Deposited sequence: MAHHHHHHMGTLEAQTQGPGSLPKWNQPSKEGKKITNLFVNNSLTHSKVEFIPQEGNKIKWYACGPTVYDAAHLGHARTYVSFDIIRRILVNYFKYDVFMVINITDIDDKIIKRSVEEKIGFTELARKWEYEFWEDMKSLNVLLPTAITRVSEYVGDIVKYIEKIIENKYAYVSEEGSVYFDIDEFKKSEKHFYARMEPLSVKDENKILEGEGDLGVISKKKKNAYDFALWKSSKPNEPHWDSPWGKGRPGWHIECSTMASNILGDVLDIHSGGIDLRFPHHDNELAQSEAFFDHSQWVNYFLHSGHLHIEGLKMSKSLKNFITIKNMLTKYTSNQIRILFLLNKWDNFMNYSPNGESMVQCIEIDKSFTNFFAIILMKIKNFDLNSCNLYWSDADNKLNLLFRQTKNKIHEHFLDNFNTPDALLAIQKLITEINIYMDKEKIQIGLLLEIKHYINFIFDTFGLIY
């Protein structure tokens, strides 16, 4: 009578002993691919009606880092999909007051969104799926949900998910991740898959009449069509856990008539500003473009690296939060300057190369750091502690370069390792 989770079998799968905080189990569990070393991942994208703000940046940069860890560090094979919500009540209302038109507006703010991602060094996904391009597939998806007796059609022409029918099934549980958050309709908790459209509203043809997709049906449709019956990872901010993500699971479970559409559901914590979530609704937001007029990409990525992806974070404006980010950015910059110049200008003809005790000591700390970072990454993508490991290492390399006789080959190897980690962080020096 309470929801259960099935862990993937380990037979035939890439095993790293990675553990992640899974919202389906409300706990840290071992990450195991559904197939081989493959990771099918779907991530909720923006509604393109306005600029993106620092809170959006927190989620997309945090999960960009995680993706980089998964691909660049652990050498998993990741296929990532992001939707663009270019049809929405919000897009419609903003397009009338601006009088610029449904599509011109969606395309404008989609452009600015990818430009903002580009500025933060956020990698593009393998696939981008616009809702406008998938309306035909949404209708076919909805039709099968009805064919499976888990959705019904109102007289106005709307289609609603039948929660009671879905629960009835022993194979299904509704609201797996937030159980306690639960005239035309059967039950008040039923939500629309297809919304009948007024003559003055944009609409699409359907077997049930002119209408528009409902709030959650799009994400289940596109992810199912591109990634199929089992997603390894589905991600988003914690606010989307209920009702958006829980409703995605009900739709996809109802469509495929199975019990687990997602193995691992990851939720980033919110960025708060003066104790409240950064939200357009609260008019407390800092745009990404505004943030880049005072701080660089490396500095902003360091800020997110310092805050565990799954915890809440508080941003103090006026740069109180960014002081530490700027100090770390400075130490990284100067470190690379010295080690690069020393590498480039080092002359072997004049240098004595005997492997000294200081060389042995630095090397030992270097290999210890590699292990500390590996354990940190396995521990739910603990970048704050991995970043500290790099800083401690750099403190000792700095001492060695200044005083000790330098083994050039050792310094090269150290530079290569730190480049590799910084590429995993998305830092660029």
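In this chain, the deposited residues that lack C-alpha positions fall in the ranges 1 to 20, 203 to 219.
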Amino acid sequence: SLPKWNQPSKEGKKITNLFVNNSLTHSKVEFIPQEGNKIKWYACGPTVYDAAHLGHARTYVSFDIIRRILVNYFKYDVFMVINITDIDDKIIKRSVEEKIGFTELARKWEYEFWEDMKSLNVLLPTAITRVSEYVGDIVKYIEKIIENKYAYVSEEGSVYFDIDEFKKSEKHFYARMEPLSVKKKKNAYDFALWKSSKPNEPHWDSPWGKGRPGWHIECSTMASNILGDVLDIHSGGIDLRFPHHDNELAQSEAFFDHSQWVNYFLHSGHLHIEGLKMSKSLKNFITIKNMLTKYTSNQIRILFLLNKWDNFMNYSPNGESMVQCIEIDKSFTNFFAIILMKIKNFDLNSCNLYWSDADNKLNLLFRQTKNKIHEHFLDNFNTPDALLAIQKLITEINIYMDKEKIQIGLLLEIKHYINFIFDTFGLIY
From here on, numbers count along this sequence of modelled residues.
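We call the rigid core the largest set of C-alpha positions that still match within 1.5 Å between the two forms.
Between stretches 300 to 308 and 277 to 285, greater average Cα displacement in 9 other deposited structures of this protein relative to the shown form, fitted by the core, falls on 277 to 285. Of 338 to 346 and 224 to 232, the stretch whose C-alpha atoms sit farther from the shown form in 9 other deposited structures of this protein, after fitting on the rigid core, is 338 to 346. Of the other structures of this protein that model both sides of residue 210, every one gives it coordinates; not a third omit it. Figure legend: residue 183 is marked as unmodelled in at least a third of the other comparable entries of the protein. For the pair 82 to 90 and 305 to 313, the mean Cα B-factor is higher in 82 to 90. Comparing 94 to 102 with 334 to 342, the higher mean C-alpha B-factor in the PDB entry belongs to 94 to 102. Of the candidates 123, 300, 233, 222, the PDB record gives 222 the highest C-alpha temperature factor.
By the numbers in the PDB entry, the CA B factor is greatest at 165 among 165, 327, 246, 112. Among all modelled residues in this chain, the alpha-carbon of residue 238 has a temperature factor (C-alpha) in the lowest third. The deposited CA B-factor of residue 116 belongs to the middle third of values across its chain.
Per the deposited record, the Cα B-factor of residue 296 falls in the lowest third when ranked against the other modelled residues of its chain.
In this PDB entry, residue 375 carries a Cα temperature factor that places it within the middle third of its chain's modelled residues. Split the chain's modelled residues into thirds by C-alpha temperature factor. Residue 2 is in the highest one.
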